[PDB]
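This report concerns only the one structure given below.
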Amino acid sequence: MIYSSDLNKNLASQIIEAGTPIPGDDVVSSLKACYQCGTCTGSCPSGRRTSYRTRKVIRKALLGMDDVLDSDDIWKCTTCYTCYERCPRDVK
Amino acid sequence: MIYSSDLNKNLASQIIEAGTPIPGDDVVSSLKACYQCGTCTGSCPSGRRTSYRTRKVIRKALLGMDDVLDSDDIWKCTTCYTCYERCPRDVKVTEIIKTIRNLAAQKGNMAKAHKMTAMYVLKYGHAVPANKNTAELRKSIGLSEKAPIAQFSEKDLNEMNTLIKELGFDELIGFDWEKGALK
Amino acid sequence: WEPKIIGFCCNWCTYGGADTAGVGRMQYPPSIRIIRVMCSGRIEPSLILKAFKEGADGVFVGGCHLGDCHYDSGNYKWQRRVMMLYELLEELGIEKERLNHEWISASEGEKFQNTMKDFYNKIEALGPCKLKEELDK
Amino acid sequence: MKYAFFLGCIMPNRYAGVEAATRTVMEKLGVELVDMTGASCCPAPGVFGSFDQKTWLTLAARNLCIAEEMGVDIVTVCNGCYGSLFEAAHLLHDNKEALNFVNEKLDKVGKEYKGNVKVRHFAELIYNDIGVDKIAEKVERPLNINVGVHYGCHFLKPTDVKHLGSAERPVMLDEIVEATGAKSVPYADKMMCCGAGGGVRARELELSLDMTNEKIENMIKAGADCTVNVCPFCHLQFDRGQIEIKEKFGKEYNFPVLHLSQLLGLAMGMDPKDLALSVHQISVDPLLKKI
Amino acid sequence: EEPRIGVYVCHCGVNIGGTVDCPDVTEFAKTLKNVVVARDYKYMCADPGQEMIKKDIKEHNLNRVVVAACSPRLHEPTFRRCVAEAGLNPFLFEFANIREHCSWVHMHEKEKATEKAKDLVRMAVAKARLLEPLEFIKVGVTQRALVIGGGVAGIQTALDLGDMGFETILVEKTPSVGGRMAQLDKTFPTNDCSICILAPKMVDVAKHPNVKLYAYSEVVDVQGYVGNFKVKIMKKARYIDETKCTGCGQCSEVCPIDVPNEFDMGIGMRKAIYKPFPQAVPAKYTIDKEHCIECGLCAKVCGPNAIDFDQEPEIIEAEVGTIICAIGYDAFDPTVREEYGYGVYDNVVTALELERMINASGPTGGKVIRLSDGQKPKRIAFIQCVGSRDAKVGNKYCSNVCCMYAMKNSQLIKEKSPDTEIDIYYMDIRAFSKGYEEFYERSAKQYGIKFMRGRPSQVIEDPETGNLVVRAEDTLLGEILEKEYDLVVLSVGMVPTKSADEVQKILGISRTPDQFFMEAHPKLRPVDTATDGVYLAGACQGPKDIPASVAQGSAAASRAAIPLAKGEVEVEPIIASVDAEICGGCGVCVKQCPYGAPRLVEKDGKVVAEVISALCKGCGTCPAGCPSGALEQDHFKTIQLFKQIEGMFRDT
Amino acid sequence: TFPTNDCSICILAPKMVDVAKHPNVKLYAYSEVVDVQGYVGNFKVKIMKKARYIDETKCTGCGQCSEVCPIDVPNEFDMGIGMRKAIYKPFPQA
Ligand SMILES: Cc1cc2nc3c(=O)[nH]c(=O)nc-3n(C[C@H](O)[C@H](O)[C@H](O)COP(=O)(O)OP(=O)(O)OC[C@H]3O[C@@H](n4cnc5c(N)ncnc54)[C@H](O)[C@@H]3O)c2cc1C
Ligand code: SF4
Ligand code: SF4
Ligand code: SF4
Ligand code: SF4
Ligand code: SF4
Ligand code: SF4
Ligand code: SF4
Ligand code: SF4
Ligand code: SF4
Ligand code: SF4
Ligand code: SF4
Ligand code: FES
Ligand SMILES: [Fe+3]
């Protein structure tokens, strides 16, 4: 049960401001282009041995689930850039 | 990581045949119409306080995950029929859950409390039988001390025992007739 | 034994209904054989009685919904004709149920499929109509 | 009106006051209740239907056969028994393969269901065949109190076979309780399940109690003096469940629980002793003071 | 002459062949009397198939052809042209439907389907033997078209036809043309102003030298056939002098009767005397007698004295050659989906109501506000597929435009109020055409519109605030959401317009399972109807957007211009005629014909009946009712049908 | 072809047939427009009628030639999944 009171609506905007000007407004605002296809999760080497699902991080960011910032899952990404290379929506 | 080797292509077909002829082939085959909208999960009162997600049961059934028969989640549905009433694809959800539970029971996934309830109907013809207190209460209220029910009718109790044996329900629950208890 | 059912369907809404069942791959029993007419108004007692004479176990008739006849009122005449025909068949010892008439739009493929399913079951349950065997004596 | 009165399990063997209450209330409305001798558990549709559908229908048909042999239709005051016998009757009329299977089993006990039995719920029977006007005409003691109306799930659903109108926004029970001089208070998630159905009370007790508690909290917030149901299972869950909620959650409410027949009985001037409110786990005395 | 029949069994790839043993049907066909040739082929309508039939007619001197294939409703004309090209009269051709009526419905019963195909071939061969050569009736085409419905589709059809030089009549039910597009604020995917781009076309149509616009009028009767339709138009009484009407609007202030404004979807309130919208064409007022009390207060204020209650509707008789039906659609009524609370909760609205709320010329002055307190909503939820893709309400189809208009209006709300949070509850985002996927990408990246994949279970109102809660599962997380909103918008689907029932009965057209009008063939003829000279354009044929409707309007104009340009069409001689030597003038046939074709007359000193060939549409009711057998419908004679009945059981 | 599951040929072939023998339509198959000059109502167009190396008016379209040709070319119509001959007809219903 996720209620509006458990959500932080400005989390996406907050992630974008933290990314402006480095790595860039256009770079981090790309999360808003995500259409939850799953290509990132399917390409994740870390996701194959853990509960980590790349697509859910972006979903939580758009939905406003603050717990993503407290999660150990975001720290399981090795920065292999495979998802970055395959995303059909140009999400960085 | 779910590989083709961990899946059972026939699960949907096996669920559909268990549902034939009761509640019906057309009734249970309705699971194939599911388009995973989530209306069933959103309407589930049980889902609001547990990890139970009605839509996933149907998904697992279509994908071929046999673990759905071993799950405690399918047993958290109260048969409130809300999902059944709201499904835009005419999936007879509540009936599919009950049918999946039949296969779960056949695999040995039946709770002891449920087996006990079933044992009372087999033993006394009733899930909630009359007690010494029942007789005394009924007497003081002005009702017949013993209600005109199967509990006090050997003819009717024996009729039920014949049907139970013919349906193999006694073997399903694991009831021993000479010991008069579950194995 | 499989029932022999003859059908009479008007070319507009009904023919369209039966066609739509096919487009939608709506399976139904293969007993019926449909005869096409332009309107159900073309249907009269002699065509139905001729079918039983030939050995029909069941006879089906389908026309447009009352008020939706492509020819305005053809089905209203057929409706008066079929009601007398149901009673005439009982007088002749032919079960009323061996005759079935329904109103089907081009948009009702599911209704046609179910009407065919229900009619087939009805005739199968009644068994063969023994008129031809009685006449061939 | 003459009807074979199916009793079920919980009403005749536990909350017997509901039986007594029904017999007089129905007699006052002009309904001849005849004994359905040897009738067994319906059986519980959610519990048994989940174990083996074939066993649920065969045993239900066996009960339907008792009333068929009597040449009369059935009446029940339990949603559980209503749902089980009603759905069984519909399935046997609509599905010949199911009917054939069941009659092949019933032949072993010398029985055969022929589809002439109609199953009725007393609340809809009162609403569609008797009339709500007749309830008010027989009110000796008007009950001017607030009621948290609990319809239950198996009363109106599944609508595709019940045909008792809307399951989302019904008026049927509200109009019957209001005829006694009471007020059906609107509360949050009114049409939600009590939590006992489908064998959940027995196998997952704390989960059932969580739903019952939500319903009681909502009714109390709406200003209800009690809760009225049309189901001994709901009755037990609301009544006995409160003791369990107190022992498992630490929450006490002492919220009176009544079955519609008991509420209609009070309204028709019955002795509260004959309604057996003393066996109720939660005292009805606070409500009795309010009337 | 003796029948020499050619039987052709089509496989239609594997559509027939995969279920019916076509080679076996072909062998069986040869065992029937008069069947001198029998062949099976993969595609009978294809060039080699048609050339095969044609070559055989000449080489094997056939006088009857039987094609055992698809439905005659699809290719009967195709094969009639094929045989006529070889010299065989087209009425000596007989279709046997073994696809839609056999192979497609008996897929799991191949042996019985094969047996059924044999009987259908035999039934066809049985009727074929007694068929007769008939002369197609060449009829002239009145150089005039009739367009019913004044929306973007109908306007497009009349403009193209008028631009081609064809006299066209455009009948519009309401007081103004423009349709639902006139009610919209902007249009996706360009976000153009809807009326700002539609008005120029409404103006063009109103002053087109070849188009006669009849606004506030309805077609009440259509008689005849292709090229010779006689149409009756009822020019409804506005009860205001049309010519003396300035369109200033000063008589409405006095009116004491408030009527809900249909144009504003029931939000706004108009008077008995009113105007549909500010950019209305023609610009004139109307008195609604359904709510007028005849107090005459409006007349006291009215200067010109244009108000006249003694005004009478005028019935206009017009002759047209072709008819285009473009009556559009209506928005689904979501009250039935009781869990969403429409009609119960004040802040639950339909998307069409929202369009009127957003539109500058609307009741709220282009301000999106809550109907409970008049406050602007800070949080909004759009619920997709309301009244569509839903078996419980009987609409198992996709309404096509809801995903797009929901994203569009979300962008317009963000432009007007960027701080507004918008969530769209969906199953599939259908942004399927040019610039649509791009529009979808834009809504999220540029406007920050959020999407939740999950069809909501229910909406719950807080009686204290009027706020709504949407219960739904975020299927992409496997969790239940219970988010609060200030306004809930239901993306209602499209349903046929209320008058569709009347228009269907007048034109004699059919409907598809979705209740919209039925096209001749979904791909072979998307705007033609099975009724010759009657075409469709726009949403009345099925849910679709503006360009698709404009394209259909243009398509219908082309199809409808073919008979007009030819000036001559061929019609079926399957008409009734009386054998004077048998008719004793009993008079039973006369009143059976709804067109009054059979009439009693004096011949050779006594009374006999005589059918007026031109008035007979070929139903076969009067011959069926004739007790002497004097009346017979060519191509459906009792003897022909008798042989067809025998054919099911034996060869005759 | 969806959603009727009709054969493509069902709808397309009769139309191909009609167009080839239409009295008001001049079909130039195996041809390309190589130049267009002018403006609306006054266009001057150049069509290149490519060489088939067969006399169309004399050709029967029997295909006895296809059986004898010894060179195999990948069939474009079959997307390279078929092998045609140097002398050919794109597909049987062409
Ligand atoms: C909420 C909503 C938003 C939309 N947004 C967009 C968008 O942004 N972009 C887009 O391209 N499309 C949009 N659409 C779809 C668009 O509305 C339709 O494509 C368009 O209205 C179709 O035009 P039409 O002429 O076919 O039907 P209509 O516009 O409905 O016109 C039919 C006309 O015929 C008249 N009529 C009806 N019955 C009769 C009769 N019996 N006799 C004579 N006349 C009659 C009517 O009064 C009406 O004027 C939207 C639809 C909805 C519901
Ligand atoms: S691959 Fe891109 S669009 Fe797809 S879920 Fe991942 S970030 Fe979103
Ligand atoms: S960059 Fe990170 S999230 Fe992306 S595929 Fe690699 S490990 Fe996974
Ligand atoms: S509501 Fe129906 S279609 Fe939707 S996910 Fe549940 S079973 Fe499937
Ligand atoms: S029937 Fe079961 S799964 Fe469906 S809403 Fe009720 S408790 Fe949930
Ligand atoms: S009726 Fe008279 S006052 Fe009213 S708008 Fe017309 S001209 Fe003006
Ligand atoms: S006569 Fe009719 S239109 Fe005029 S003011 Fe009175 S109610 Fe209004
Ligand atoms: S266009 Fe979109 S919202 Fe509309 S019916 Fe289709 S999927 Fe549903
Ligand atoms: S029904 Fe027949 S017999 Fe009678 S008048 Fe007409 S054509 Fe002549
Ligand atoms: S067949 Fe007779 S009833 Fe029918 S249209 Fe012709 S003249 Fe009229
Ligand atoms: S359209 Fe008809 S004739 Fe053509 S291939 Fe299909 S079934 Fe055969
Ligand atoms: S198909 Fe080949 S062999 Fe036959 S006529 Fe044409 S070129 Fe000659
Ligand atoms: S046309 Fe269908 S019944 Fe007259
Ligand atoms: Fe403008």
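Each chain in the structure tokens gets a letter, A, B and so on, in the order shown; residues start at 1 in every chain, and ligands are counted from 1 in the order they appear.
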
With 9 Å as the cut-off and only C-alpha atoms counted, what is the closest atom pair between each nearby residue of region 52-79 of chain B and region 45-56 of chain D? Distances in Å to one decimal, ordered by chain and number, as a tab-separated table.
residue	atom	partner	partner_atom	distance
B:75	CA	D:50	CA	8.8
B:78	CA	D:46	CA	7.3
B:79	CA	D:46	CA	6.3

Produce as a list in words the set of residues near ligand 14, where near means within 9 Å with only C-alpha atoms and all ligand atoms considered.
residues 193, 195, 196, 197 and 199 of chain E

I need the residues of region 14-167 of chain B that end up classed as alpha helix (DSSP H) by DSSP on the backbone, written out as a VMD selection string.
chain B and resid 14 to 18 25 to 28 39 to 43 54 to 63 82 to 86 93 to 106 112 to 124 132 to 141 154 to 167

Residue neighbourhood residue 21 (chain B), 9 Å, only C-alpha atoms, exclusion window fewer than 5 positions, as a PyMOL selection string:
chain D and resi 54+95+97-98+101

Might you pull out every residue within 7 Å of region 415-422 of chain E, with only C-alpha atoms counted and same-chain residues fewer than 6 positions away left off, and present them as a VMD selection string?
chain E and resid 378 to 381 449 to 450

Counting only C-alpha atoms and all ligand atoms, name the residues that have an atom within 6 Å of an atom of ligand 10; the answer should be given as number ranges by chain.
E: 575-576, 592-593, 595, 597-598, 611, 616-622

Saved selection, atoms kept: N, CA, C and O atoms, as a PDB file, in the first residue's frame:
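Below is the file result00.pdb, written as the result:
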ATOM      1  N   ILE E 575     -36.362  -9.023 -59.112  1.00  0.00           N
ATOM      2  CA  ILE E 575     -37.661  -8.433 -58.812  1.00  0.00           C
ATOM      3  C   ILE E 575     -38.823  -9.358 -59.051  1.00  0.00           C
ATOM      4  O   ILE E 575     -38.716 -10.356 -59.755  1.00  0.00           O
ATOM      5  N   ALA E 576     -39.952  -8.995 -58.455  1.00  0.00           N
ATOM      6  CA  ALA E 576     -41.199  -9.726 -58.542  1.00  0.00           C
ATOM      7  C   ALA E 576     -42.010  -9.332 -59.767  1.00  0.00           C
ATOM      8  O   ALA E 576     -41.956  -8.191 -60.219  1.00  0.00           O
ATOM      9  N   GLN E 592     -48.727  -5.879 -48.891  1.00  0.00           N
ATOM     10  CA  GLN E 592     -47.500  -6.477 -48.345  1.00  0.00           C
ATOM     11  C   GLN E 592     -46.245  -5.683 -48.701  1.00  0.00           C
ATOM     12  O   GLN E 592     -45.287  -5.686 -47.932  1.00  0.00           O
ATOM     13  N   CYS E 593     -46.242  -5.009 -49.859  1.00  0.00           N
ATOM     14  CA  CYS E 593     -45.089  -4.243 -50.318  1.00  0.00           C
ATOM     15  C   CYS E 593     -44.999  -2.867 -49.661  1.00  0.00           C
ATOM     16  O   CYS E 593     -45.866  -2.021 -49.870  1.00  0.00           O
ATOM     17  N   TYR E 595     -43.297  -0.477 -50.553  1.00  0.00           N
ATOM     18  CA  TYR E 595     -43.040   0.498 -51.615  1.00  0.00           C
ATOM     19  C   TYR E 595     -44.223   0.628 -52.590  1.00  0.00           C
ATOM     20  O   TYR E 595     -44.138   1.368 -53.567  1.00  0.00           O
ATOM     21  N   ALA E 597     -45.380  -1.391 -54.867  1.00  0.00           N
ATOM     22  CA  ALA E 597     -45.103  -1.846 -56.233  1.00  0.00           C
ATOM     23  C   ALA E 597     -46.250  -2.683 -56.827  1.00  0.00           C
ATOM     24  O   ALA E 597     -46.662  -2.409 -57.954  1.00  0.00           O
ATOM     25  N   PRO E 598     -46.786  -3.704 -56.125  1.00  0.00           N
ATOM     26  CA  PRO E 598     -47.883  -4.481 -56.713  1.00  0.00           C
ATOM     27  C   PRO E 598     -49.184  -3.719 -56.626  1.00  0.00           C
ATOM     28  O   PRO E 598     -49.541  -3.214 -55.566  1.00  0.00           O
ATOM     29  N   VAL E 611     -46.942  -5.840 -60.919  1.00  0.00           N
ATOM     30  CA  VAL E 611     -45.869  -5.205 -60.161  1.00  0.00           C
ATOM     31  C   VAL E 611     -45.248  -4.091 -60.987  1.00  0.00           C
ATOM     32  O   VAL E 611     -44.963  -4.288 -62.166  1.00  0.00           O
ATOM     33  N   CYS E 616     -40.046  -2.178 -57.049  1.00  0.00           N
ATOM     34  CA  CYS E 616     -39.695  -3.425 -56.368  1.00  0.00           C
ATOM     35  C   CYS E 616     -38.215  -3.444 -56.030  1.00  0.00           C
ATOM     36  O   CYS E 616     -37.386  -3.285 -56.916  1.00  0.00           O
ATOM     37  N   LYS E 617     -37.888  -3.641 -54.743  1.00  0.00           N
ATOM     38  CA  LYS E 617     -36.501  -3.689 -54.285  1.00  0.00           C
ATOM     39  C   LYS E 617     -35.966  -5.138 -54.282  1.00  0.00           C
ATOM     40  O   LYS E 617     -34.768  -5.352 -54.107  1.00  0.00           O
ATOM     41  N   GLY E 618     -36.851  -6.122 -54.480  1.00  0.00           N
ATOM     42  CA  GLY E 618     -36.473  -7.534 -54.522  1.00  0.00           C
ATOM     43  C   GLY E 618     -36.391  -8.228 -53.180  1.00  0.00           C
ATOM     44  O   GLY E 618     -35.408  -8.921 -52.913  1.00  0.00           O
ATOM     45  N   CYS E 619     -37.412  -8.077 -52.323  1.00  0.00           N
ATOM     46  CA  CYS E 619     -37.393  -8.724 -51.011  1.00  0.00           C
ATOM     47  C   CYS E 619     -37.902 -10.167 -51.089  1.00  0.00           C
ATOM     48  O   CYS E 619     -37.349 -11.053 -50.440  1.00  0.00           O
ATOM     49  N   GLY E 620     -38.955 -10.393 -51.878  1.00  0.00           N
ATOM     50  CA  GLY E 620     -39.545 -11.718 -52.041  1.00  0.00           C
ATOM     51  C   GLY E 620     -40.675 -11.995 -51.069  1.00  0.00           C
ATOM     52  O   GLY E 620     -41.086 -13.144 -50.912  1.00  0.00           O
ATOM     53  N   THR E 621     -41.205 -10.948 -50.414  1.00  0.00           N
ATOM     54  CA  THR E 621     -42.295 -11.099 -49.455  1.00  0.00           C
ATOM     55  C   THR E 621     -43.619 -11.354 -50.148  1.00  0.00           C
ATOM     56  O   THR E 621     -44.330 -12.281 -49.777  1.00  0.00           O
ATOM     57  N   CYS E 622     -43.956 -10.541 -51.153  1.00  0.00           N
ATOM     58  CA  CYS E 622     -45.223 -10.692 -51.858  1.00  0.00           C
ATOM     59  C   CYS E 622     -45.339 -12.044 -52.600  1.00  0.00           C
ATOM     60  O   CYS E 622     -46.393 -12.676 -52.517  1.00  0.00           O
TER      61      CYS E 622
END

Restrict the calculation to only C-alpha atoms and all ligand atoms, then for each residue of chain E with any atom at most 12 Å from an atom of ligand 8 give the closest atom pair and their distance in Å to one decimal, rows by chain and rising residue number, as CSV.
residue,atom,partner,partner_atom_place_in_ligand_line,distance
E:331,CA,ligand 8,4 (Fe),11.9
E:332,CA,ligand 8,5 (S),11.2
E:351,CA,ligand 8,3 (S),10.9
E:382,CA,ligand 8,3 (S),9.5
E:383,CA,ligand 8,3 (S),7.8
E:384,CA,ligand 8,3 (S),4.1
E:385,CA,ligand 8,8 (Fe),3.5
E:386,CA,ligand 8,3 (S),7.1
E:387,CA,ligand 8,5 (S),7.7
E:388,CA,ligand 8,5 (S),4.8
E:389,CA,ligand 8,5 (S),6.0
E:390,CA,ligand 8,5 (S),9.0
E:395,CA,ligand 8,5 (S),9.4
E:396,CA,ligand 8,5 (S),9.1
E:397,CA,ligand 8,5 (S),6.9
E:398,CA,ligand 8,5 (S),3.7
E:399,CA,ligand 8,5 (S),4.1
E:400,CA,ligand 8,1 (S),3.6
E:401,CA,ligand 8,1 (S),4.6
E:402,CA,ligand 8,4 (Fe),3.7
E:403,CA,ligand 8,2 (Fe),3.8
E:404,CA,ligand 8,1 (S),6.9
E:405,CA,ligand 8,1 (S),8.7
E:406,CA,ligand 8,3 (S),7.8
E:407,CA,ligand 8,3 (S),10.0
E:424,CA,ligand 8,3 (S),9.8
E:425,CA,ligand 8,3 (S),9.1
E:426,CA,ligand 8,3 (S),6.9
E:427,CA,ligand 8,7 (S),6.6
E:428,CA,ligand 8,7 (S),5.2
E:429,CA,ligand 8,2 (Fe),5.8
E:430,CA,ligand 8,2 (Fe),5.3
E:431,CA,ligand 8,1 (S),8.1
E:432,CA,ligand 8,1 (S),9.4
E:433,CA,ligand 8,1 (S),11.7
E:436,CA,ligand 8,1 (S),11.6
E:440,CA,ligand 8,2 (Fe),11.8
E:453,CA,ligand 8,7 (S),11.3
E:454,CA,ligand 8,8 (Fe),11.6
E:455,CA,ligand 8,8 (Fe),9.8
E:489,CA,ligand 8,3 (S),11.8
E:490,CA,ligand 8,3 (S),9.5
E:491,CA,ligand 8,3 (S),6.3
E:492,CA,ligand 8,4 (Fe),7.7
E:493,CA,ligand 8,5 (S),6.1
E:494,CA,ligand 8,5 (S),8.6
E:495,CA,ligand 8,5 (S),11.4
E:543,CA,ligand 8,1 (S),9.0
E:544,CA,ligand 8,1 (S),9.1
E:545,CA,ligand 8,1 (S),10.0

Which residues of chain D come within 9 Å of ligand 5, and for each one, what is the closest pair of atoms and their distance in Å to one decimal, counting only C-alpha atoms and all ligand atoms, sorted by chain and residue number, as CSV?
residue,atom,partner,partner_atom_place_in_ligand_line,distance
D:153,CA,ligand 5,6 (Fe),8.9
D:193,CA,ligand 5,6 (Fe),7.7
D:195,CA,ligand 5,7 (S),8.3
D:197,CA,ligand 5,7 (S),8.4
D:198,CA,ligand 5,2 (Fe),8.0
